[PDB]
>>> print(open('query24.cif').read())   # mmCIF, C-alpha atoms and all ligand atoms
data_my_file
loop_
_atom_site.group_PDB
_atom_site.id
_atom_site.type_symbol
_atom_site.label_atom_id
_atom_site.label_comp_id
_atom_site.auth_asym_id
_atom_site.auth_seq_id
_atom_site.Cartn_x
_atom_site.Cartn_y
_atom_site.Cartn_z
ATOM 1 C CA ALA A 1 0.000 0.000 0.000
ATOM 2 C CA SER A 2 0.933 3.677 -0.353
ATOM 3 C CA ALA A 3 0.011 4.746 3.192
ATOM 4 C CA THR A 4 2.503 6.836 5.148
ATOM 5 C CA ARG A 5 4.268 5.172 8.069
ATOM 6 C CA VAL A 6 2.322 7.212 10.640
ATOM 7 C CA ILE A 7 -0.945 5.993 9.119
ATOM 8 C CA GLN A 8 0.454 2.449 9.143
ATOM 9 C CA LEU A 9 1.223 2.772 12.859
ATOM 10 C CA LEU A 10 -2.251 4.176 13.545
ATOM 11 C CA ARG A 11 -3.869 1.306 11.617
ATOM 12 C CA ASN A 12 -1.782 -1.322 13.411
ATOM 13 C CA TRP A 13 -2.521 0.183 16.828
ATOM 14 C CA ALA A 14 -6.253 0.463 16.124
ATOM 15 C CA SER A 15 -6.594 -3.086 14.776
ATOM 16 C CA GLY A 16 -4.019 -4.586 17.145
ATOM 17 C CA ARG A 17 -2.153 -6.404 14.352
ATOM 18 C CA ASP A 18 0.389 -5.658 11.626
ATOM 19 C CA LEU A 19 -1.873 -4.948 8.658
ATOM 20 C CA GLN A 20 0.921 -4.364 6.137
ATOM 21 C CA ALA A 21 1.870 -8.051 6.286
ATOM 22 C CA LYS A 22 -1.539 -9.319 5.072
ATOM 23 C CA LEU A 23 -3.301 -6.792 2.849
ATOM 24 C CA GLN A 24 -6.799 -7.196 1.434
ATOM 25 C CA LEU A 25 -5.701 -5.686 -1.881
ATOM 26 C CA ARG A 26 -3.456 -7.853 -4.064
ATOM 27 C CA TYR A 27 -0.753 -5.884 -5.845
ATOM 28 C CA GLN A 28 1.778 -7.886 -7.848
ATOM 29 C CA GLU A 29 2.055 -11.380 -6.361
ATOM 30 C CA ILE A 30 -0.790 -12.797 -8.481
ATOM 31 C CA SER A 31 -0.177 -14.785 -11.655
ATOM 32 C CA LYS A 32 0.441 -13.123 -15.003
ATOM 33 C CA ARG A 33 -2.640 -12.693 -17.178
ATOM 34 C CA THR A 34 -0.685 -14.271 -20.063
ATOM 35 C CA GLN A 35 0.429 -17.872 -19.539
ATOM 36 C CA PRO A 36 2.409 -20.407 -21.585
ATOM 37 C CA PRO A 37 0.394 -23.100 -23.372
ATOM 38 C CA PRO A 38 -0.321 -26.347 -21.502
ATOM 39 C CA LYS A 39 0.228 -29.951 -22.573
ATOM 40 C CA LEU A 40 -2.510 -31.898 -20.720
ATOM 41 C CA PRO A 41 -1.757 -35.654 -20.491
ATOM 42 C CA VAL A 42 -4.204 -38.116 -21.993
ATOM 43 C CA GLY A 43 -5.432 -40.874 -19.677
ATOM 44 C CA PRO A 44 -5.272 -44.587 -18.875
ATOM 45 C CA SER A 45 -7.376 -45.816 -21.829
ATOM 46 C CA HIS A 46 -5.119 -44.313 -24.521
ATOM 47 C CA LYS A 47 -3.198 -47.540 -25.212
ATOM 48 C CA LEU A 48 -2.659 -48.977 -28.685
ATOM 49 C CA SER A 49 -3.270 -52.624 -27.732
ATOM 50 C CA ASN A 50 -4.717 -54.767 -24.934
ATOM 51 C CA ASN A 51 -7.464 -52.138 -24.658
ATOM 52 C CA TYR A 52 -10.736 -53.857 -25.564
ATOM 53 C CA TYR A 53 -13.745 -51.872 -24.390
ATOM 54 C CA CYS A 54 -15.489 -54.960 -22.984
ATOM 55 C CA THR A 55 -12.786 -55.126 -20.282
ATOM 56 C CA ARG A 56 -13.386 -51.529 -19.106
ATOM 57 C CA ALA B 1 -10.202 -81.326 -55.812
ATOM 58 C CA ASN B 2 -6.625 -80.233 -56.429
ATOM 59 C CA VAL B 3 -5.018 -81.453 -59.648
ATOM 60 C CA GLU B 4 -2.281 -83.323 -57.761
ATOM 61 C CA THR B 5 -4.913 -85.100 -55.648
ATOM 62 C CA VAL B 6 -6.863 -86.081 -58.769
ATOM 63 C CA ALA B 7 -3.720 -87.089 -60.681
ATOM 64 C CA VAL B 8 -2.323 -89.430 -58.011
ATOM 65 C CA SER B 9 -5.626 -91.322 -57.661
ATOM 66 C CA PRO B 10 -5.365 -93.750 -60.648
ATOM 67 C CA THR B 11 -1.879 -94.796 -59.527
ATOM 68 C CA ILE B 12 -3.225 -95.369 -56.009
ATOM 69 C CA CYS B 13 -6.002 -97.510 -57.485
ATOM 70 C CA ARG B 14 -3.606 -99.535 -59.646
ATOM 71 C CA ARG B 15 -0.902 -100.139 -57.019
ATOM 72 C CA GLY B 16 -3.164 -100.149 -53.956
ATOM 73 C CA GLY B 17 -3.692 -97.904 -50.971
ATOM 74 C CA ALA B 18 -1.200 -99.884 -48.893
ATOM 75 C CA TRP B 19 1.655 -98.961 -51.236
ATOM 76 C CA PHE B 20 0.833 -95.256 -50.932
ATOM 77 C CA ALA B 21 0.392 -95.552 -47.154
ATOM 78 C CA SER B 22 3.806 -97.212 -46.790
ATOM 79 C CA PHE B 23 5.449 -93.821 -47.360
ATOM 80 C CA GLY B 24 5.637 -91.084 -44.745
ATOM 81 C CA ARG B 25 4.549 -91.044 -41.125
ATOM 82 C CA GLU B 26 1.140 -92.078 -39.828
ATOM 83 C CA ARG B 27 -1.630 -89.790 -41.131
ATOM 84 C CA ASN B 28 1.019 -88.244 -43.442
ATOM 85 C CA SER B 29 1.102 -90.911 -46.125
ATOM 86 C CA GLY B 30 2.424 -90.837 -49.662
ATOM 87 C CA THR B 31 4.769 -88.824 -51.836
ATOM 88 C CA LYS B 32 4.706 -85.101 -52.525
ATOM 89 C CA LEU B 33 5.873 -82.526 -55.041
ATOM 90 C CA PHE B 34 8.098 -79.774 -53.639
ATOM 91 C CA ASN B 35 9.007 -76.450 -55.261
ATOM 92 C CA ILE B 36 12.214 -75.049 -53.748
ATOM 93 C CA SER B 37 12.814 -71.418 -54.702
ATOM 94 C CA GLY B 38 14.461 -68.316 -53.310
ATOM 95 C CA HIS B 39 18.070 -68.231 -52.113
ATOM 96 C CA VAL B 40 19.146 -71.712 -53.168
ATOM 97 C CA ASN B 41 21.861 -72.668 -55.633
ATOM 98 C CA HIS B 42 19.527 -74.776 -57.810
ATOM 99 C CA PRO B 43 15.859 -73.806 -57.417
ATOM 100 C CA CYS B 44 13.781 -76.660 -58.765
ATOM 101 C CA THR B 45 10.738 -78.908 -58.428
ATOM 102 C CA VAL B 46 11.133 -82.485 -57.188
ATOM 103 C CA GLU B 47 9.096 -85.448 -55.987
ATOM 104 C CA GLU B 48 10.026 -86.836 -52.583
ATOM 105 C CA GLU B 49 8.612 -88.813 -49.682
ATOM 106 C CA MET B 50 6.449 -86.749 -47.355
ATOM 107 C CA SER B 51 8.268 -86.669 -44.015
ATOM 108 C CA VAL B 52 11.694 -85.858 -45.525
ATOM 109 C CA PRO B 53 13.540 -83.341 -43.308
ATOM 110 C CA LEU B 54 13.697 -79.825 -44.717
ATOM 111 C CA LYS B 55 17.490 -79.545 -44.488
ATOM 112 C CA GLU B 56 18.029 -82.817 -46.354
ATOM 113 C CA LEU B 57 15.626 -81.787 -49.125
ATOM 114 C CA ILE B 58 17.239 -78.358 -49.502
ATOM 115 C CA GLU B 59 20.815 -79.650 -49.540
ATOM 116 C CA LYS B 60 20.078 -82.674 -51.761
ATOM 117 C CA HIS B 61 17.698 -81.411 -54.451
ATOM 118 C CA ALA B 62 18.179 -77.621 -54.372
ATOM 119 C CA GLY B 63 21.981 -77.619 -54.175
ATOM 120 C CA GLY B 64 21.977 -76.116 -50.686
ATOM 121 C CA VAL B 65 21.463 -72.579 -49.452
ATOM 122 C CA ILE B 66 23.407 -69.877 -51.289
ATOM 123 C CA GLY B 67 26.557 -69.254 -49.275
ATOM 124 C CA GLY B 68 26.212 -72.391 -47.149
ATOM 125 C CA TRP B 69 23.710 -73.649 -44.599
ATOM 126 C CA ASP B 70 25.079 -71.210 -42.007
ATOM 127 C CA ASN B 71 23.945 -68.383 -44.319
ATOM 128 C CA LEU B 72 20.286 -69.366 -43.866
ATOM 129 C CA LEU B 73 18.039 -66.753 -42.262
ATOM 130 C CA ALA B 74 14.474 -68.010 -42.684
ATOM 131 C CA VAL B 75 12.293 -70.439 -44.609
ATOM 132 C CA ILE B 76 8.656 -70.199 -45.681
ATOM 133 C CA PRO B 77 7.827 -73.914 -45.967
ATOM 134 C CA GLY B 78 4.390 -74.012 -47.563
ATOM 135 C CA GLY B 79 3.809 -70.926 -49.683
ATOM 136 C CA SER B 80 3.102 -67.324 -48.798
ATOM 137 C CA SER B 81 0.171 -68.190 -46.516
ATOM 138 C CA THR B 82 2.295 -70.216 -44.098
ATOM 139 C CA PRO B 83 4.233 -68.471 -41.313
ATOM 140 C CA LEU B 84 7.993 -68.348 -41.731
ATOM 141 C CA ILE B 85 10.413 -70.252 -39.506
ATOM 142 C CA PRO B 86 13.964 -69.238 -38.519
ATOM 143 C CA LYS B 87 17.074 -71.281 -39.222
ATOM 144 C CA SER B 88 17.057 -72.836 -35.737
ATOM 145 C CA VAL B 89 13.739 -74.602 -36.451
ATOM 146 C CA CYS B 90 14.699 -75.785 -39.949
ATOM 147 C CA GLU B 91 17.563 -77.893 -38.556
ATOM 148 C CA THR B 92 15.308 -80.798 -37.531
ATOM 149 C CA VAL B 93 11.775 -80.059 -38.793
ATOM 150 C CA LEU B 94 10.110 -82.546 -41.147
ATOM 151 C CA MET B 95 8.032 -81.701 -44.215
ATOM 152 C CA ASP B 96 4.557 -82.972 -43.380
ATOM 153 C CA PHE B 97 1.329 -81.569 -41.959
ATOM 154 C CA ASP B 98 1.719 -82.578 -38.312
ATOM 155 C CA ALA B 99 5.377 -81.678 -37.752
ATOM 156 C CA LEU B 100 4.953 -78.272 -39.382
ATOM 157 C CA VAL B 101 1.780 -77.639 -37.368
ATOM 158 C CA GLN B 102 3.758 -78.371 -34.192
ATOM 159 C CA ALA B 103 6.287 -75.833 -35.508
ATOM 160 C CA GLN B 104 3.468 -73.236 -35.810
ATOM 161 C CA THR B 105 3.944 -72.991 -39.583
ATOM 162 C CA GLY B 106 1.799 -75.506 -41.515
ATOM 163 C CA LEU B 107 2.662 -77.429 -44.695
ATOM 164 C CA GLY B 108 0.408 -75.679 -47.219
ATOM 165 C CA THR B 109 1.373 -76.331 -50.836
ATOM 166 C CA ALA B 110 4.893 -77.555 -49.919
ATOM 167 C CA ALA B 111 6.382 -74.514 -51.675
ATOM 168 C CA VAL B 112 9.684 -73.823 -49.912
ATOM 169 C CA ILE B 113 10.947 -70.238 -50.176
ATOM 170 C CA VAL B 114 14.464 -69.807 -48.781
ATOM 171 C CA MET B 115 15.739 -66.441 -47.521
ATOM 172 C CA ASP B 116 19.428 -66.122 -46.652
ATOM 173 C CA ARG B 117 21.123 -63.712 -44.251
ATOM 174 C CA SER B 118 21.359 -60.982 -46.921
ATOM 175 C CA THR B 119 17.541 -60.784 -47.084
ATOM 176 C CA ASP B 120 15.521 -57.877 -45.729
ATOM 177 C CA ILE B 121 12.904 -60.035 -44.013
ATOM 178 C CA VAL B 122 10.604 -57.080 -43.299
ATOM 179 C CA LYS B 123 10.573 -56.136 -46.988
ATOM 180 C CA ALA B 124 9.751 -59.722 -47.993
ATOM 181 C CA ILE B 125 6.824 -59.973 -45.575
ATOM 182 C CA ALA B 126 5.592 -56.527 -46.635
ATOM 183 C CA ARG B 127 5.699 -57.613 -50.281
ATOM 184 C CA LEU B 128 3.629 -60.680 -49.398
ATOM 185 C CA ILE B 129 1.111 -58.465 -47.587
ATOM 186 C CA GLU B 130 0.970 -56.220 -50.663
ATOM 187 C CA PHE B 131 0.240 -59.308 -52.767
ATOM 188 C CA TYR B 132 -2.627 -60.237 -50.453
ATOM 189 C CA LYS B 133 -3.951 -56.667 -50.568
ATOM 190 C CA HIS B 134 -3.975 -56.821 -54.370
ATOM 191 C CA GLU B 135 -5.625 -60.267 -54.363
ATOM 192 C CA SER B 136 -8.419 -59.679 -51.828
ATOM 193 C CA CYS B 137 -11.841 -59.960 -53.450
ATOM 194 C CA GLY B 138 -13.301 -57.259 -51.182
ATOM 195 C CA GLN B 139 -16.505 -59.115 -50.283
ATOM 196 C CA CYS B 140 -16.248 -59.196 -46.487
ATOM 197 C CA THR B 141 -15.340 -56.355 -44.137
ATOM 198 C CA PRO B 142 -12.388 -57.864 -42.189
ATOM 199 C CA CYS B 143 -10.365 -58.840 -45.265
ATOM 200 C CA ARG B 144 -11.370 -55.825 -47.373
ATOM 201 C CA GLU B 145 -10.411 -53.244 -44.756
ATOM 202 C CA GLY B 146 -7.905 -54.955 -42.455
ATOM 203 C CA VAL B 147 -5.636 -56.362 -45.159
ATOM 204 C CA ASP B 148 -5.233 -52.863 -46.611
ATOM 205 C CA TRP B 149 -4.653 -51.543 -43.080
ATOM 206 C CA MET B 150 -1.909 -54.107 -42.418
ATOM 207 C CA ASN B 151 -0.394 -53.332 -45.817
ATOM 208 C CA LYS B 152 -0.053 -49.666 -44.864
ATOM 209 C CA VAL B 153 1.296 -50.593 -41.419
ATOM 210 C CA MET B 154 3.911 -52.955 -42.884
ATOM 211 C CA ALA B 155 4.914 -50.366 -45.485
ATOM 212 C CA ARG B 156 5.612 -47.969 -42.619
ATOM 213 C CA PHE B 157 7.392 -50.779 -40.726
ATOM 214 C CA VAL B 158 9.786 -51.264 -43.651
ATOM 215 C CA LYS B 159 11.068 -47.694 -43.307
ATOM 216 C CA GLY B 160 10.836 -47.646 -39.512
ATOM 217 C CA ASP B 161 8.399 -44.744 -39.064
ATOM 218 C CA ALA B 162 6.323 -46.587 -36.472
ATOM 219 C CA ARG B 163 6.724 -46.917 -32.703
ATOM 220 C CA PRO B 164 7.275 -50.261 -30.929
ATOM 221 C CA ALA B 165 3.791 -50.257 -29.363
ATOM 222 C CA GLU B 166 2.276 -50.422 -32.860
ATOM 223 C CA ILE B 167 3.786 -53.907 -33.211
ATOM 224 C CA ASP B 168 1.385 -55.201 -30.570
ATOM 225 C CA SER B 169 -1.387 -53.254 -32.288
ATOM 226 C CA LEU B 170 -0.501 -54.970 -35.561
ATOM 227 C CA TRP B 171 -0.683 -58.351 -33.837
ATOM 228 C CA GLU B 172 -4.157 -57.579 -32.518
ATOM 229 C CA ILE B 173 -5.258 -56.368 -35.950
ATOM 230 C CA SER B 174 -4.247 -59.690 -37.482
ATOM 231 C CA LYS B 175 -6.142 -61.521 -34.742
ATOM 232 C CA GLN B 176 -9.225 -59.501 -35.663
ATOM 233 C CA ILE B 177 -8.973 -60.709 -39.259
ATOM 234 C CA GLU B 178 -8.208 -64.392 -38.669
ATOM 235 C CA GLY B 179 -11.289 -66.527 -38.066
ATOM 236 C CA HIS B 180 -13.666 -63.646 -38.854
ATOM 237 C CA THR B 181 -13.787 -63.736 -42.674
ATOM 238 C CA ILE B 182 -15.823 -65.632 -45.253
ATOM 239 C CA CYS B 183 -12.850 -67.514 -46.721
ATOM 240 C CA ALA B 184 -9.308 -68.404 -45.647
ATOM 241 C CA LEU B 185 -7.575 -65.612 -47.596
ATOM 242 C CA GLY B 186 -7.827 -63.425 -44.495
ATOM 243 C CA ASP B 187 -6.066 -66.126 -42.480
ATOM 244 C CA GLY B 188 -3.414 -66.407 -45.190
ATOM 245 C CA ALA B 189 -2.775 -62.676 -44.934
ATOM 246 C CA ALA B 190 -2.793 -62.591 -41.121
ATOM 247 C CA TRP B 191 -0.398 -65.514 -40.579
ATOM 248 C CA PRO B 192 2.792 -64.152 -42.262
ATOM 249 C CA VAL B 193 2.812 -60.998 -40.126
ATOM 250 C CA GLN B 194 2.215 -63.164 -37.051
ATOM 251 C CA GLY B 195 5.262 -65.250 -37.941
ATOM 252 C CA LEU B 196 7.404 -62.186 -38.639
ATOM 253 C CA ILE B 197 6.454 -60.641 -35.291
ATOM 254 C CA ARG B 198 6.948 -63.971 -33.499
ATOM 255 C CA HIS B 199 10.466 -64.560 -34.811
ATOM 256 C CA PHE B 200 11.893 -61.161 -35.847
ATOM 257 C CA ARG B 201 10.545 -58.559 -33.422
ATOM 258 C CA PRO B 202 14.043 -57.223 -32.507
ATOM 259 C CA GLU B 203 14.655 -56.455 -36.191
ATOM 260 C CA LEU B 204 11.530 -54.284 -36.360
ATOM 261 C CA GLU B 205 12.383 -52.609 -33.051
ATOM 262 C CA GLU B 206 15.933 -51.769 -34.139
ATOM 263 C CA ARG B 207 14.644 -50.469 -37.476
ATOM 264 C CA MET B 208 12.312 -48.105 -35.608
ATOM 265 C CA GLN B 209 15.210 -47.109 -33.345
ATOM 266 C CA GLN B 210 17.432 -46.276 -36.317
ATOM 267 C CA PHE B 211 14.645 -44.305 -38.008
ATOM 268 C CA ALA B 212 14.034 -42.269 -34.848
ATOM 269 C CA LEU B 213 17.753 -41.641 -34.328
ATOM 270 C CA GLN B 214 18.290 -40.613 -37.961
ATOM 271 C CA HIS B 215 15.301 -38.234 -38.116
ATOM 272 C CA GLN B 216 15.665 -36.671 -34.642
HETATM 273 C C1 LIG A 301 -7.486 -67.835 -51.232
HETATM 274 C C2 LIG A 301 -7.362 -69.287 -51.580
HETATM 275 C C3 LIG A 301 -6.801 -69.658 -52.793
HETATM 276 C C4 LIG A 301 -6.684 -71.001 -53.120
HETATM 277 N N1 LIG A 301 -6.125 -71.365 -54.322
HETATM 278 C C5 LIG A 301 -6.009 -72.696 -54.652
HETATM 279 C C6 LIG A 301 -5.447 -73.057 -55.868
HETATM 280 O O1 LIG A 301 -5.058 -72.189 -56.640
HETATM 281 N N2 LIG A 301 -5.322 -74.386 -56.208
HETATM 282 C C7 LIG A 301 -5.759 -75.357 -55.335
HETATM 283 O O2 LIG A 301 -5.655 -76.545 -55.628
HETATM 284 N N3 LIG A 301 -6.315 -74.999 -54.127
HETATM 285 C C8 LIG A 301 -6.448 -73.675 -53.774
HETATM 286 N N4 LIG A 301 -7.010 -73.311 -52.564
HETATM 287 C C9 LIG A 301 -7.495 -74.343 -51.589
HETATM 288 C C10 LIG A 301 -8.790 -74.999 -52.060
HETATM 289 O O3 LIG A 301 -9.758 -74.927 -51.043
HETATM 290 C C11 LIG A 301 -8.527 -76.457 -52.426
HETATM 291 O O4 LIG A 301 -8.021 -76.527 -53.737
HETATM 292 C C12 LIG A 301 -9.773 -77.315 -52.371
HETATM 293 O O5 LIG A 301 -10.166 -77.443 -51.028
HETATM 294 C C13 LIG A 301 -9.447 -78.686 -52.947
HETATM 295 O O6 LIG A 301 -9.212 -79.578 -51.887
HETATM 296 P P1 LIG A 301 -8.128 -80.759 -51.991
HETATM 297 O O7 LIG A 301 -6.776 -80.188 -51.652
HETATM 298 O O8 LIG A 301 -8.495 -81.835 -51.006
HETATM 299 O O9 LIG A 301 -8.091 -81.335 -53.381
HETATM 300 C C14 LIG A 301 -7.125 -71.976 -52.237
HETATM 301 C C15 LIG A 301 -7.687 -71.605 -51.023
HETATM 302 C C16 LIG A 301 -7.807 -70.262 -50.694
HETATM 303 C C17 LIG A 301 -8.411 -69.869 -49.379
HETATM 304 S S1 LIG A 302 -11.541 -63.032 -46.809
HETATM 305 FE FE1 LIG A 302 -12.108 -64.035 -48.772
HETATM 306 S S2 LIG A 302 -14.294 -63.458 -49.076
HETATM 307 FE FE2 LIG A 302 -13.476 -62.037 -47.490
HETATM 308 S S3 LIG A 302 -12.788 -60.216 -48.676
HETATM 309 FE FE3 LIG A 302 -10.963 -61.567 -48.456
HETATM 310 S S4 LIG A 302 -10.983 -62.833 -50.352
HETATM 311 FE FE4 LIG A 302 -13.057 -61.897 -50.190
#
>>> encode(input="query24.cif", output="structure tokens", more="lines below")
Ligand SMILES: Cc1cc2nc3c(=O)[nH]c(=O)nc-3n(C[C@H](O)[C@H](O)[C@H](O)COP(=O)(O)O)c2cc1C
Ligand code: SF4
Amino acid sequence: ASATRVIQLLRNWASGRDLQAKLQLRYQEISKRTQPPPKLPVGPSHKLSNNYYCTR
Amino acid sequence: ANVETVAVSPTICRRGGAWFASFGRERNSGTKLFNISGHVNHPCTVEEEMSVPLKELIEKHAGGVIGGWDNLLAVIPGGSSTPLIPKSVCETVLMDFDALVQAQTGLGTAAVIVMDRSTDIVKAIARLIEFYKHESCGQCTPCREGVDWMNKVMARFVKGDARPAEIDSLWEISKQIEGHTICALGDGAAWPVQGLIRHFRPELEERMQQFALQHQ
């Protein structure tokens, strides 16, 4: 946050806890809005043999 | 009836059934015509007693394998429809129905095709599968579709494009053709790939390995 240190002290004394450690507003620690592409594995029934449907 | 079966009958009648049954093992009676072709010094057609061992026939009537008996790679004993057998089996196997059935290869038409150690076995089996693809009548679904499918798969196997898992897939595909068609042409197409996979799987695997390593 952009609050001055006196206001930080007043907030921490009024609430009784250090508010600057755990802020309600999220600033820059969240994930990027652009992500690399995924790969997404397939599954257990994607075999080429020994995979007759009557057995599963 | 086959022409050989019809043609031997008057001689059997004249000389008696006992004379014909004196040759060969039990339930494997009589004489037989053999066509030895492929990698032999003297490919030919001969008449011989039924249960003659394969090695004796090859080295006596066909002049032996080209380059010596130690140069032998594989033998197709009864025409294209029979599974091939490696050199280790041909040392003691006999040329009749029962012994070749116990060798998982069958006697067929007694047409021996000899492939030496300079043979690309995958290419030979793929050529046989191409023959069967060109000879299928197309009537029933398993032959009409699956034989073409196996032809494409074996063509890719020859280069090495495939992955090892596909080998098992190919096996299953053949099993889906055999016993599910109108006539026995489907069986005759399924059996050669089964023999090739049974006896020469490392060759296919190393071909795929070399293709992958060459093409990143
Ligand atoms: C695809 C296919 C092709 C065949 N071609 C011949 C052939 O060209 N000549 C032959 O004698 N039998 C051929 N047969 C086997 C015949 O069924 C066989 O001739 C017939 O059963 C005669 O029986 P026999 O051997 O007791 O005389 C073929 C079988 C199949 C499945
Ligand atoms: S198995 Fe026989 S009947 Fe069926 S498509 Fe092949 S040749 Fe025709």
>>> resolve_selection(input="query24.cif", expression="the PyMOL selection byres (((not hetatm)) within 8 of (chain A and resi 301))", output="PyMOL selection string")
chain B and resi 1-6+183-185+188
>>> write_last_selection(input="query24.cif", atoms="C-alpha atoms", output="CSV table (one decimal), in the coordinates of the input")
chain,number,residue,atom,x,y,z
B,1,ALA,CA,-10.2,-81.3,-55.8
B,2,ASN,CA,-6.6,-80.2,-56.4
B,3,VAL,CA,-5.0,-81.5,-59.6
B,4,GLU,CA,-2.3,-83.3,-57.8
B,5,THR,CA,-4.9,-85.1,-55.6
B,6,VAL,CA,-6.9,-86.1,-58.8
B,183,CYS,CA,-12.8,-67.5,-46.7
B,184,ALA,CA,-9.3,-68.4,-45.6
B,185,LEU,CA,-7.6,-65.6,-47.6
B,188,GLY,CA,-3.4,-66.4,-45.2
>>> residues_near_ligand(input="query24.cif", ligand="ligand LIG 302 (chain A)", cutoff="9 Å", atoms="only C-alpha atoms and all ligand atoms", output="JSON, numbers by chain")
{"B": [132, 133, 135, 136, 137, 138, 139, 140, 141, 142, 143, 144, 145, 147, 177, 178, 180, 181, 182, 183, 184, 185, 186, 187, 188, 189]}
>>> resolve_selection(input="query24.cif", expression="the PyMOL selection byres ((chain B) within 10 of (chain A and not hetatm))", output="PyMOL selection string")
chain B and resi 165-173
>>> closest_residue(input="query24.cif", among="A:21, A:38, A:28, A:55", to="residue 8 of chain A", atoms="only C-alpha atoms")
A:21
>>> atom_distance(input="query24.cif", atom1="atom CA of residue 82 of chain B", atom2="atom CA of residue 125 of chain B")
11.3 Å
>>> atom_distance(input="query24.cif", atom1="atom CA of residue 7 of chain B", atom2="atom CA of residue 26 of chain B")
22.0 Å
>>> residues_around(input="query24.cif", residues="residue 113 of chain B", least_positions_apart="3", cutoff="9 Å", atoms="only C-alpha atoms", output="PyMOL selection string")
chain B and resi 35-40+74-80
>>> write_last_selection(input="query24.cif", atoms="C-alpha atoms", output="PDB file, keeping the file's coordinate frame")
ATOM      1  CA  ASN B  35       9.007 -76.450 -55.261  1.00  0.00           C
ATOM      2  CA  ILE B  36      12.214 -75.049 -53.748  1.00  0.00           C
ATOM      3  CA  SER B  37      12.814 -71.418 -54.702  1.00  0.00           C
ATOM      4  CA  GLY B  38      14.461 -68.316 -53.310  1.00  0.00           C
ATOM      5  CA  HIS B  39      18.070 -68.231 -52.113  1.00  0.00           C
ATOM      6  CA  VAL B  40      19.146 -71.712 -53.168  1.00  0.00           C
ATOM      7  CA  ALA B  74      14.474 -68.010 -42.684  1.00  0.00           C
ATOM      8  CA  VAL B  75      12.293 -70.439 -44.609  1.00  0.00           C
ATOM      9  CA  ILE B  76       8.656 -70.199 -45.681  1.00  0.00           C
ATOM     10  CA  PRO B  77       7.827 -73.914 -45.967  1.00  0.00           C
ATOM     11  CA  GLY B  78       4.390 -74.012 -47.563  1.00  0.00           C
ATOM     12  CA  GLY B  79       3.809 -70.926 -49.683  1.00  0.00           C
ATOM     13  CA  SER B  80       3.102 -67.324 -48.798  1.00  0.00           C
TER      14      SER B  80
END
>>> atom_distance(input="query24.cif", atom1="atom CA of residue 122 of chain B", atom2="atom CA of residue 209 of chain B")
14.8 Å
>>> residues_around(input="query24.cif", residues="residue 54 of chain B", least_positions_apart="3", cutoff="8 Å", atoms="all atoms listed in the file", output="PyMOL selection string")
chain B and resi 57-58+90-95
>>> closest_residue(input="query24.cif", among="B:96, B:176, B:160, B:192", to="residue 214 of chain B", atoms="all atoms listed in the file")
B:160
>>> closest_residue(input="query24.cif", among="B:33, B:174, B:123, B:23", to="residue 109 of chain B", atoms="only C-alpha atoms")
B:33
>>> resolve_selection(input="query24.cif", expression="the PyMOL selection byres (((chain A and resi 2-6) around 12) and not hetatm)", output="list in words")
residues 1, 7, 8, 9, 10, 11, 12, 13, 19, 20, 23, 25 and 27 of chain A
>>> residues_around(input="query24.cif", residues="residue 204 of chain B", least_positions_apart="3", cutoff="10 Å", atoms="all atoms listed in the file", output="ChimeraX atom specification")
/B:121-122,157-160,162-164,167,196-197,200-201,207-210
>>> axis_aligned_box(input="query24.cif", around="segment 6-13 of chain B", padding_each_side="6 Å", output="AutoDock Vina command-line options")
--center_x -4.4 --center_y -91.8 --center_z -58.3 --size_x 17.0 --size_y 23.4 --size_z 16.7
>>> residues_around(input="query24.cif", residues="residue 48 of chain B", least_positions_apart="3", cutoff="8 Å", atoms="only C-alpha atoms", output="ChimeraX atom specification")
/B:31-34,52
